[PDB]
Amino acid sequence: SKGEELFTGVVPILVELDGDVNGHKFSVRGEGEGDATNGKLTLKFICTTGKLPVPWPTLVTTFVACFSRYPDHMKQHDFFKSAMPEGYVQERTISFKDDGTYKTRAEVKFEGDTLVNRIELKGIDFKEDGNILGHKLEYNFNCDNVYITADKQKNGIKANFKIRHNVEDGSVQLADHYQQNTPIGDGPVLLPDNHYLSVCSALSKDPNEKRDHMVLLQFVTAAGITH
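Quick note on numbering: the sequence shown equals residues 2 to 64, 66 to 229 in PDB author numbering.
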């Protein structure tokens, strides 16, 4: 268990996403830092191709659970850090109710001293004037619990959870997430007992930034395992 030692201080983060949704090709670069000691993540994302063709909130879950704060009595259950520095693959299907689906594949690993989250995203079957491609979602975000379970068959973890995006007409757009994580390397990893991550995410804008962008502040704490 060397991996958790990489997270005792503040760690620079790079996020790179290549996306294609209904044939809209777009790219996003994010940078910031993670402080797992305090469960705190700060990142700013720029759409480097121009205007983002989906709403920023729909990409928040895709854009590093290794920065969760695992309490002392839960350190044997932190899969994410145990997979470092070689890292893990994070794969999701995100099914937007009555609309299209994202499939994402990401590699989360150290490159030098930077924690990198490199993502490929493919979105299909979206309604061209639905809530996603029609940009009908509010610019905000909730707190959520994400339940984590071991997937012993695959030496990894799984999770499934629902994100609720508020729509400009008062309704809610559901985004059902199914997630699998598997280590990149061969060394031992920790496979956890059932628990959850308590996640809170705040979105904002940089008043001096002219490009299409998102600022993300996120706090994550693991919970739910008893002494």
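Backbone N, C-alpha and C define an ideal beta-carbon position, used for all residues, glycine too.
- Boundaries of the alpha helix (DSSP H) harbouring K83: 81-84, taken from the DSSP string.
- The region 97-112 makes no contact with the region 194-211: fewer than 3 CB pairs, one atom from each, lie closer than 8 Å.
- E17 has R30, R120 as its beta-bridge partners, per DSSP.
- Counting only runs of 3 or more residues that sit fully inside the region 172-216, the beta strand (DSSP E) segments are 174-185, 197-206, in chain order.
- Ranked by Cα distance from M76, the options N23, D214, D195, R213 are led by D195.
- In this structure, the beta-carbon distance from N133 to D101 falls below 8 Å.
- Linking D188 to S28 through their CA atoms gives a straight-line distance of about 31 Å.
- Relative to the Cα of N157, the nearest Cα in the group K41, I186, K3 belongs to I186.
- Boundaries of the beta strand (DSSP E) around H167: 158-168.
- Distances from the alpha-carbon of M86 to those of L219, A225, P190, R71 put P190 closest.
- Each of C48, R71, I227, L42 was checked against the Cα of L117, and the nearest Cα belongs to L42.
- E17 is a Cβ neighbour of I121, given a cutoff of 8 Å.
- The Cβ neighbour count for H167, taken over all protein chains shown within 10 Å, is at least 16; the residue is labelled buried.
- In terms of Cα proximity to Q175, the closest of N183, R213, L135 is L135.
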